[PDB]
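> Here the protein sequences line up with chains D and P, keeping their order.
Here the first sequence stands for residues 1 to 122, 126 to 267, where the numbers follow the entry's author numbering.
Here the second sequence stands for residues 35 to 50, 69 to 76, 81 to 94, 102 to 140, 147 to 183, 190 to 395, 412 to 474, where the numbers follow the entry's author numbering.
Backbone N, C-alpha and C fix where the C-beta goes; we use that ideal spot for every residue, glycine too.
Before I ask anything, let me first share the structure, which is written out below as structure tokens.
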Amino acid sequence: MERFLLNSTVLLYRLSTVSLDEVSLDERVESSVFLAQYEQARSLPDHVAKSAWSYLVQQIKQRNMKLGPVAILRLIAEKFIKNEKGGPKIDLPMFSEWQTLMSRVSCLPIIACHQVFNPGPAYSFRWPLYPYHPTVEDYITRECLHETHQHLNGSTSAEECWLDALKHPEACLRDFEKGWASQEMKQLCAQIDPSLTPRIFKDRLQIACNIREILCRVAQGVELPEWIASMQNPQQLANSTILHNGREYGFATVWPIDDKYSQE
Amino acid sequence: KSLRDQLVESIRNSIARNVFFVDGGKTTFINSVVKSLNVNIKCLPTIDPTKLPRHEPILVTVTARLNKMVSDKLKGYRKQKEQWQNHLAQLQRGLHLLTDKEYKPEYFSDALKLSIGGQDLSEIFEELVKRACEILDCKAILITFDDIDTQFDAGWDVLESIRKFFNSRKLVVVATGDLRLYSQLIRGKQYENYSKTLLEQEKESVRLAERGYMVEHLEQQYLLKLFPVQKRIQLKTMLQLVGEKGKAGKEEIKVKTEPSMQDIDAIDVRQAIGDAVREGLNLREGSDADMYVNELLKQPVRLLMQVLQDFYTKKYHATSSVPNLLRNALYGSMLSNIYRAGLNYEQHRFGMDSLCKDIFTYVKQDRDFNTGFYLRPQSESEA
């Protein structure tokens, strides 16, 4: 059920639409989740979804978290990943399921959460995660693999392409609209997000940039710049900058690393 | 020195247009002024517009110096920092507007993102300036501009940057050069405003007269706006900083003639000049040599300094003719003058035979024909 909480166009819409001071919205989630699952995993028999969400919130309340990606990721990490031999590794029986999920979400956040709440013995981020099996590892060592079919996204994994977009947002725009006229991607966009359009495409992209900037500010724990107070409605983050009181405040801040858009 | 001082006070009692200019070394005096300032105002290293990439805006170069200075004072010891790079980002984003040769319509929506409305690079730059003053705890910023003697055509960009960007209460322009040079550029790009078809058809006396009269009016109206005459400095001359004929001597100079000159043997400037003129010309100490050295005291300071740091030095060489020693120096010093005169440039052709024809030709351009053989400094031509 978890996957719906992290991958849902309707959830995105509702969250972005409602103000930042709203609170007491968990209904919007439970409703939106039943929707998103209805669209994606239609086959569920109308009660399993209810029970799964109920048990999820059950776990959340029992463990005393707030409904949110913190709790969700903690659940996902404890359920999938362990710390094993070298770096965290994944359960063999649950591997296929992990892939089913990766079909929907990105590992990196889950990975960071596992490091936070269950670091291994005192790591460098490495994707993708793996299970372990000594015999297979010995085979791979003795013979190594041989890549023969890699042409999906150029030859790269997408999660880097998202960072690449944030690095060159305008460029991903250009690519989008040039093709948005092509019928095929119009259908694809409608099928994925009906009200997608390049306009909200730009909006969401620049918003995500804003969010990463602000959340990085707080991650460095820096004296929480005043303009957050003015920042009240997510759509306010649809602009390159924000107006606090007569002044227009951007979001860029200093990050330790040079490759500001690095996966690391 | 003293003019530098009064100039310093003039700037200081200015922040309580905003451009001061220096008529014209000149760079030496400007550096003097700047370091004199090192009533808090933060100044920038002087800009040499003649030593910048052929295409770039003085605004960009100033922004770069601002960046360096801010990073320096900021790396000394936030929140000023981050909002600063914000202004940086807006400025970088809206900057195309200047360089761009075509108006891409896609810039229209960029013209549609937000107190006057638009992407006024002037307002971005002025908010930048406020940021810089606030961060540096300075009343304002001194901005310095070097002579464009070697490239007089770049100064247009500086003038335009002043008009469109430096109409601020927190920036102080300080430029150097000769106003006639800027006058040409104003002349040229006023003319470049008409229509070529107009220019090549409506070309009778009356129309040309009216056009030029308007263009000169615009010269005068615009240069006054750019360079407040009260904001004008005269750049005292070396002869006026010396006795005209001994009844003066504002700030005596004194110069060293040989290597030693233990700050006591420094043999004046005027007296050594007259001495060299007399000996290398065999002139006596009458009235004709004094007038000549007076008409040597009005030549360029670099010219005079070289003319009297090449003559005596090679004299020291020879001592371990005086006229040949000095005539060699004049050869290079007025060398451009002499060749432009169409006179003997070939060194091994000096003699008496070439010299007679040269004198005849010199008088032939000097008109005269009565006392030209005096070869005295009496001509209007400064060459």
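One question on the structure: do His156 of chain P and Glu202 of chain P come within less than 8 angstroms of each other, judged by their Cβ atoms?
Position 87 of the second sequence, counting from 1, holds the residue named residue 156 of chain P. Position 127 of the second sequence, counting from 1, holds the residue named residue 202 of chain P. Yes; because the gap between Cβ atoms is below 8 angstroms, this pair is in contact.
> Closest Cβ-Cβ distance between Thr138 of chain D and chain P: below 8 angstroms?
The sequence position of residue 138 of chain D within the first sequence is 135, counting from 1. Taking Cβ atoms only, chain P never reaches closer than 8 angstroms to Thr138 of chain D, which makes this a no.
> Keeping to the same chain, check which residues put their C-beta closer than 6 angstroms to that of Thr388 of chain P; ignore five residues upstream and five downstream.
Working through the second sequence from its first residue, we reach residue 388 of chain P at position 313. Nothing listed; no residue qualifies.
> Nearest CA to the CA of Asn248 of chain D: which residue from D:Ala255, D:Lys263, D:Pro131, D:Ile231?
On the first sequence, residue 248 of chain D is found 245 positions in, with the first residue counted as 1. Of D:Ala255, D:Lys263, D:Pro131, D:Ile231, the residue nearest in Cα terms is D:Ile231.
> When you compare only the Cα positions, how much space is there between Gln223 of chain D and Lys82 of chain D?
Counting from one through the first sequence, the residue named residue 223 of chain D turns up at place 220. Counting from one through the first sequence, the residue named residue 82 of chain D turns up at place 82. The straight-line gap from Cα to Cα measures roughly 28 angstroms.
> Can a CB atom of chain P be found closer than 8 angstroms to the CB of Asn242 of chain D?
Along the first sequence, one-based indexing puts residue 242 of chain D at 239. With 8 angstroms as the cut-off, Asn242 of chain D counts as an interface residue toward chain P.
> Nearest to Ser24 of chain D by CA position, among D:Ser198, D:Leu67, D:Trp165, is which residue?
In the first sequence, residue 24 of chain D corresponds to position 24, counting from 1. The candidate whose alpha carbon is nearest that of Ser24 of chain D is D:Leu67.
> Got a sec, what are the start and stop residues for the alpha helix (DSSP H) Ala474 of chain P sits in?
Indexing the second sequence from 1 puts residue 474 of chain P at position 383. Where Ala474 of chain P is concerned, there is no enclosing alpha helix (DSSP H), given that its DSSP letter is neither H nor E.
> Compare the Cα-Cα distances from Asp253 of chain P to each of P:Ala351, P:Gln309, P:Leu274, P:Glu294 and report the closest residue.
As a first step, residue 253 of chain P must be located in the second sequence, where it is residue number 178. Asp253 of chain P has its Cα closest to that of P:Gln309, out of P:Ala351, P:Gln309, P:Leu274, P:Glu294.
> Should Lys85 of chain D go down as buried or exposed, given a rule of 16 or more other Cβ atoms within 10 Å for buried?
Within the first sequence, numbered from 1, the residue matching residue 85 of chain D stands at position 85. Exposed.
> Since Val257 of chain D meets chain P, which of its residues come closer than 8 angstroms, beta carbon to beta carbon?
Taking the first residue of the first sequence as 1, we reach residue 257 of chain D at position 254. Chain P residues near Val257 of chain D: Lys150, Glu151.
> Spatial neighbours of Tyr436 of chain P within its chain, please: CB distance less than 6 angstroms, with the 5 preceding and 5 following residues excluded, ordered by chain position.
Numbered from its first residue, the second sequence carries residue 436 of chain P at position 345. Cβ within range, chain order: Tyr430.
> Given a cut-off of 8 angstroms, decide if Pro303 of chain P and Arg69 of chain P are closer than it, judged by their beta-carbon atoms.
Residue 69 of chain P sits at position 17 when you count from the first residue of the second sequence. Residue 303 of chain P sits at position 228 when you count from the first residue of the second sequence. Yes. Within cutoff.
> Can you tell me whether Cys447 of chain P is buried or exposed, with buried defined as 16 or more other CB within 10 angstroms of its CB?
By 1-based counting over the second sequence, the position of residue 447 of chain P is 356. So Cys447 of chain P counts as exposed.
> Alpha carbon to alpha carbon, how far is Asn236 of chain D from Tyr55 of chain D? Give it in angstroms, no decimals.
Sequence index remark: in the first sequence, residue 55 of chain D carries index 55 (1-based). Sequence index remark: in the first sequence, residue 236 of chain D carries index 233 (1-based). Those two C-alpha atoms are separated by around 32 angstroms.
> Measuring only between beta-carbons, confirm whether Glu251 of chain D sits less than 8 angstroms from chain P.
The residue given as residue 251 of chain D occupies position 248 in the first sequence. Yes, because at least one Cβ of chain P sits closer than 8 angstroms to the Cβ of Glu251 of chain D.
> Given a cut-off of 8 angstroms on the beta-carbon distance, is the pair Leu314 of chain P and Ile348 of chain P in contact?
To locate residue 314 of chain P, count along the second sequence from 1; it is residue 239. To locate residue 348 of chain P, count along the second sequence from 1; it is residue 273. No.
> If you count every other CB in all the chains shown that lies within 10 Å of the CB of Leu101 of chain D, and 16 or more means buried, which is it?
Taking the first sequence and counting its residues from 1, the one referred to as residue 101 of chain D is at position 101. So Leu101 of chain D counts as buried.
> According to DSSP, what are the bridge partners of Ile90 of chain D?
Working through the first sequence from its first residue, we reach residue 90 of chain D at position 90. DSSP lists D:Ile81, D:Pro134 as partners of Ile90 of chain D.
> Could you say if the stretch 256-265 of chain D and the stretch 290-304 of chain P meet the contact criterion of at least three C-beta pairs nearer than 8 angstroms?
Too few Cβ pairs lie closer than 8 angstroms, so no.
> Cα separation between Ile261 of chain P and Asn419 of chain P?
Residue numbering aside, residue 261 of chain P sits at position 186 when the second sequence is read from its first letter. Residue numbering aside, residue 419 of chain P sits at position 328 when the second sequence is read from its first letter. Roughly 40 angstroms between the two C-alpha positions.
> Using only CA atoms, which one of P:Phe72, P:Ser44, P:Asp222, P:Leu164 lies nearest to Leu298 of chain P?
As a first step, residue 298 of chain P is located in the second sequence; it is residue number 223 there, counting from the start. Ranking P:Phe72, P:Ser44, P:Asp222, P:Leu164 by Cα distance to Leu298 of chain P puts P:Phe72 first.
> Under 8 angstroms, Cβ to Cβ, is there at least one residue of chain P near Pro69 of chain D?
Translated into positions along the first sequence, residue 69 of chain D becomes position 69. Chain P, which has no Cβ nearer than 8 angstroms to the Cβ of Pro69 of chain D, makes this no.
> Per DSSP, what kind of secondary structure is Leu15 of chain D in: helix, strand or coil?
On the first sequence, position 15 is the one that residue 15 of chain D refers to. Three-state DSSP puts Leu15 of chain D in a helix.
> Please classify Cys212 of chain D as buried or exposed, where buried requires at least 16 other C-beta atoms within 10 Å of its C-beta.
Taking the first residue of the first sequence as 1, we reach residue 212 of chain D at position 209. Per the 10 Å Cβ criterion, buried.
> If you run the structure through DSSP and keep just helix, strand and coil, what is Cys106 of chain P?
As a first step, residue 106 of chain P must be located in the second sequence, where it is residue number 43. Of the three classes helix, strand and coil, the one that applies to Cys106 of chain P here is strand, per DSSP.
> Contact check, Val105 of chain D vs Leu6 of chain D under 8 angstroms by CB: the rounded distance?
For the purposes of this step, residue 105 of chain D is identified with residue 105 of the first sequence, where counting begins at 1. For the purposes of this step, residue 6 of chain D is identified with residue 6 of the first sequence, where counting begins at 1. The pair is a contact, with the Cβ atoms about 5 angstroms apart (cut-off 8 angstroms).
> Strictly under 8 angstroms for the Cβ-Cβ distance: is residue 276 of chain D near chain P by that measure?
Here chain D covers residues 1 to 267 and nothing more, so residue 276 of chain D does not appear.
> Work out the CA separation of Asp232 of chain P and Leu15 of chain D for me, nearest whole Å.
Position 15 of the first sequence holds residue 15 of chain D. Position 157 of the second sequence holds residue 232 of chain P. Going by the C-alpha atoms only, they are around 50 angstroms apart.
> Sorted by chain position, which residues of the same chain lie with C-beta nearer than 6 angstroms to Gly463 of chain P's C-beta, five sequence neighbours on each side aside?
Mapped onto the second sequence, residue 463 of chain P falls at position 372. Hits under 6 angstroms: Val454, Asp457.
> From the DSSP output, which residues share a beta bridge with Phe73 of chain P?
One-based indexing of the second sequence puts residue 73 of chain P at position 21. In the DSSP output, where bridge partners are listed per residue, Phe73 of chain P has P:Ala250, P:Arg307.
> Mind pulling the chain D residues with CB within less than 9 angstroms of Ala127 of chain P?
By 1-based counting over the second sequence, the position of residue 127 of chain P is 64. Those do not exist, as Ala127 of chain P stays about 19 angstroms from chain D at its closest Cβ, beyond 9 angstroms.
> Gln115 of chain D to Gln194 of chain D, Cα distance in whole Å?
Position 115 of the first sequence, counting from 1, holds the residue named residue 115 of chain D. Position 191 of the first sequence, counting from 1, holds the residue named residue 194 of chain D. For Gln115 of chain D and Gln194 of chain D, the distance between alpha carbons rounds to 36 angstroms.
> Would you please verify whether the beta carbon of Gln374 of chain P is less than 8 angstroms from any beta carbon of chain D?
Along the second sequence, read from residue 1 onward, the residue named residue 374 of chain P stands at position 299. Chain D contact via Cβ: absent.
> Starting from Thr219 of chain P, follow the beta strand (DSSP E) in both directions and report where the run begins and ends.
On the second sequence, position 144 is the one that residue 219 of chain P refers to. Element bounds for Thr219 of chain P: 216-219.
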